[PDB]
Amino acid sequence: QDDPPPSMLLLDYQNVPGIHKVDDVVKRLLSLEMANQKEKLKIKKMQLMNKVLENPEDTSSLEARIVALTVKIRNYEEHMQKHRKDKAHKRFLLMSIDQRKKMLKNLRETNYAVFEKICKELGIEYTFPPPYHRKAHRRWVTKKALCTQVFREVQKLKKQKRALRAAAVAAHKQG
Amino acid sequence: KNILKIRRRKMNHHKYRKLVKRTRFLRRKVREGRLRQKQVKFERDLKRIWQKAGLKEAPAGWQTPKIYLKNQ
RNA sequence: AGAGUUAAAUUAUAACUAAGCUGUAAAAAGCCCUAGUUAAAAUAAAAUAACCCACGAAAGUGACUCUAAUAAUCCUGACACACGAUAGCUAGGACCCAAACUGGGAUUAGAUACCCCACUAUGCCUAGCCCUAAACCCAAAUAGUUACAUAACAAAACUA
RNA sequence: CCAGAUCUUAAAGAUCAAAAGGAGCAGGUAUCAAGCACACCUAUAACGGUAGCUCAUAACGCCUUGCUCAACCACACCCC
Ligand SMILES: [K+]
Ligand SMILES: [Mg+2]
Ligand SMILES: [Mg+2]
Ligand SMILES: [Mg+2]
Ligand SMILES: [Mg+2]
Ligand SMILES: [Mg+2]
Ligand SMILES: [Mg+2]
Ligand SMILES: [Mg+2]
Ligand SMILES: [Mg+2]
Ligand SMILES: [Mg+2]
Ligand SMILES: [Mg+2]
Ligand SMILES: [Mg+2]
Ligand SMILES: [Mg+2]
Ligand SMILES: [Mg+2]
Ligand SMILES: [Mg+2]
Ligand SMILES: [Mg+2]
Ligand SMILES: [Mg+2]
Ligand SMILES: [Mg+2]
Ligand SMILES: [Mg+2]
Ligand SMILES: [Mg+2]
Ligand SMILES: [Mg+2]
Ligand SMILES: [Mg+2]
Ligand SMILES: [Mg+2]
Ligand SMILES: [Mg+2]
Ligand SMILES: [Mg+2]
Ligand SMILES: [Mg+2]
Ligand SMILES: [Mg+2]
Ligand SMILES: [Mg+2]
Ligand SMILES: [Mg+2]
Ligand SMILES: [Mg+2]
């Protein structure tokens with residue numbers, strides 16, 4: 065997560081010369097104080113790419129787009145935490161995650177070195193798509209739990225059989 | 128026109144919705160009866176698992192839940 | 001999706017006048033704690049603009065203001081994830097008005113219907129569920145062509 | 001791919017081919033959708049270690065049935 069400082073000139077009114085010589089009044093009118101959420105995203109996107117990307121001037125690169133989507137994904141999550149019953153934005157959040165997931169897979173199969181750096185910097189955790197998407201109903205999860213528990217119990221029966229029964233035979237040898 | 132088919136499907140649904148209402152409690156008895164056999168048959172399936180694995184008793188701490196039971 | 005707000009109508013309610021007021025093709029029942037005028041919260045619904053055709057993936061949305069905001073450098077894709085009018089259920093709150101059920105009146109051979117009067121669930125807000133429609137523009141998505149050529153009807157025909 | 005049995009003989013040729021294995025092909029049914037130990041490593045041929053394997057291109061089940069024909073597969077009263 066990132067936190068743009070409040071008293072910073074917005075993206076556009078930065079490179080123009082002669083700003084620091086202006087009085088505090090105009091600097092206040094251009095800072096993030098008098099700018100809406102839209103201007104905040106620009107500063108987040110500008111800073112984020114300058115920290116992880118190699119060539120910021122390239123926008124068509126996959127890594128650049130993944131950074132752009134991550135900014136929107138974080139923005140949607142903040143909106144979702146406030147407006148919980150909103151369904152239009154929840155759909156956007158899920159589709160944005162799926163698009164980033166699809167683009168991360170494409171980046172991995174082309175440039176592994178860049179994919180590793182993007183995955184580490186942004187904190188994204190890439191999980192392989194599990195085969196055979198099935199709905200885990202109560203009957204299946206119950207029976208699966210029993211089979212795993214029975215499997216562990218069989219190991220204990222054999223493990224103690226390996227210890228005690230062999231020792232009993234070895235008792236005759238040792239005497 | 129196609130109304131000769133919608134009306135035929137209208138009458139059948141209207142008569143079925145009266146067969147359920149007239150014998151509502153008969154279906155209640157059968158539904159609960161099938162649910163008990165559904166739960167019992169599930170218990171035998173789990174009982175078969177541990178018996179064929181060589182164990183004598185079910186693993187400790189395992190009580191089979193009643194999945195086909197009314198809850199909320 | 002949140003937060004704030006109210007123009008026109010209606011009602012509680014008060015004053016004044018009047019004896020009748022509602023209702024139908026025609027009546028009865030109901031009311032007379034009523035009707036007309038003046039003054040007026042709350043709840044609910046959003047004239048004209050709209051002879052415009054915009055936004056959203058669909059179902060949907062058209063009183064005002066502010067905040068947040070509408071995925072993908074722009075192919076296809078399920079039984080997986082998310083959503084889904086209206087009716088219906090569970091808990092709390094609201095209730096002008098409309099209103100299944102029910103009662104009365106009338107009609108009819110009968111009228112547990114159409115018509116008239118009263119009132120409830122409910123339509124509403126908050127939280128959860130249900131996941132159904134003629135969910136129909138009965139026309140699947142993405143690129144295209146006007147060549148070939150009229151079963152009928154309709155919203156002309158066709159290729160990948 | 002083929003041990004083994006047999007025949008011939010100058011002990012290396014041939015006939016039949018068990019077991020085991022797989023490029024592909026192989027009845028109906030998904031209202032059979034999950035099977036429940038079905039994997040692997042080390043060295044041992046133990047122990048120890050990892051937590052995996054098959055499956056919507058049909059696993060696991062159920063029903064019907066000799067065949068793809070110089071012929072092949074199976075049974076020899078019944079309890080495979
Ligand atoms: K209005
Ligand atoms: Mg019928
Ligand atoms: Mg709301
Ligand atoms: Mg009267
Ligand atoms: Mg009055
Ligand atoms: Mg009131
Ligand atoms: Mg329109
Ligand atoms: Mg779309
Ligand atoms: Mg869009
Ligand atoms: Mg797609
Ligand atoms: Mg619904
Ligand atoms: Mg509703
Ligand atoms: Mg409701
Ligand atoms: Mg109930
Ligand atoms: Mg309620
Ligand atoms: Mg009410
Ligand atoms: Mg009323
Ligand atoms: Mg009556
Ligand atoms: Mg519609
Ligand atoms: Mg259809
Ligand atoms: Mg359609
Ligand atoms: Mg499609
Ligand atoms: Mg599209
Ligand atoms: Mg098209
Ligand atoms: Mg003709
Ligand atoms: Mg062989
Ligand atoms: Mg040999
Ligand atoms: Mg030999
Ligand atoms: Mg059946
Ligand atoms: Mg025999």
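Chains as they are written, first to last, in the deposited numbering: chain AL, 65 to 239; chain AD, 128 to 199.
Ideal placement from N, C-alpha and C gives every residue a C-beta, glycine not left out.
query, result
"In whole angstroms, what is the alpha-carbon distance linking AL:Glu217 and AL:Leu168?", "42 Å"
"So, helix, strand or coil for AL:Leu171, using DSSP?", "helix"
"Residue 265 of chain AL and AL:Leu96: beta carbons closer than 8 Å?", "In the structure as shown, chain AL begins at 65 and stops at 239. Residue 265 of chain AL is therefore absent and cannot be evaluated."
"What residue range is occupied by the uninterrupted alpha helix (DSSP H) comprising AL:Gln219?", "202-224"
"When the Cβ atoms of the region 133-140 of chain AL are set against those of the region 156-165 of chain AL, are three or more pairs found closer than 8 Å?", "yes"
"Using a Cβ-Cβ cutoff of less than 8 Å, which residues in the same chain neighbour AL:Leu75 once the five nearest sequence positions on both sides are dropped?", "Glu103, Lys106, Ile107, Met110"
"By DSSP, does AL:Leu158 sit in helix, in strand, or in coil?", "helix"
"Quick check on the burial criterion: 16 or more other C-beta atoms within 10 angstroms. Buried or exposed for AD:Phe152?", "exposed"
"Scan the region 166-180 of chain AD for residues whose Cβ lies nearer than 8 Å to a Cβ of chain AL and list them as they occur along the chain.", "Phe169, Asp172, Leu173, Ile176, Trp177, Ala180"
"Hey, is AL:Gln213's beta-carbon within less than 8 Å of any beta-carbon in chain AD?", "yes"
"To the nearest angstrom, how far is it from the Cα of AL:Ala177 to the Cα of AL:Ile188?", "15 Å"
"Could one say the Cβ of AD:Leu162 lies closer than 8 Å to chain AL's Cβ atoms, at least one of them?", "no"
"State yes or no: is the beta carbon of AD:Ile194 nearer than 8 Å to at least one beta carbon in chain AL?", "yes"
"AL:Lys207 touches chain AD at which residues, Cβ-Cβ below 9 Å?", "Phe169, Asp172, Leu173, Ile176"
"Cβ of AD:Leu182 less than 8 Å from any chain AL Cβ?", "yes"
"Work out the CA separation of AL:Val205 and AL:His197 for me, nearest whole Å.", "14 Å"
"Whole angstroms are fine: how far does the CA of AL:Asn175 sit from the CA of residue 254 of chain AL?", "Since the first residue of chain AL shown is 65 and the last is 239, residue 254 of chain AL is not available in this structure."
"Which residues in chain AD have a C-beta closer than 9 Å to the C-beta of AL:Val233? List them in chain order.", "Going along chain AD, no residue has its Cβ under 9 Å from AL:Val233, so there is no contact; the nearest lies around 21 Å."
"My assumption, with CB atoms under 8 Å, is that residue 268 of chain AL sits in contact with AL:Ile137. Please give the rounded CB distance.", "Chain AL is shown only over 65 to 239; residue 268 of chain AL falls outside these bounds and no answer can be derived."
"Pick out whichever of AL:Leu228, AL:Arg229, AL:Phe179 has its Cα sitting closest to the Cα of AL:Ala128.", "AL:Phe179"
"Within 8 Å, do at least three Cβ pairs link the region 162-169 of chain AD to the region 188-198 of chain AD?", "yes"
"Hey, how far is the Cα of AL:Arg92 from the Cα of AL:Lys85?", "13 Å"
"When the Cα of AL:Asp88 is compared with those of AL:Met144, AL:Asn100, AL:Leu73, which residue comes out closest?", "AL:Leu73"
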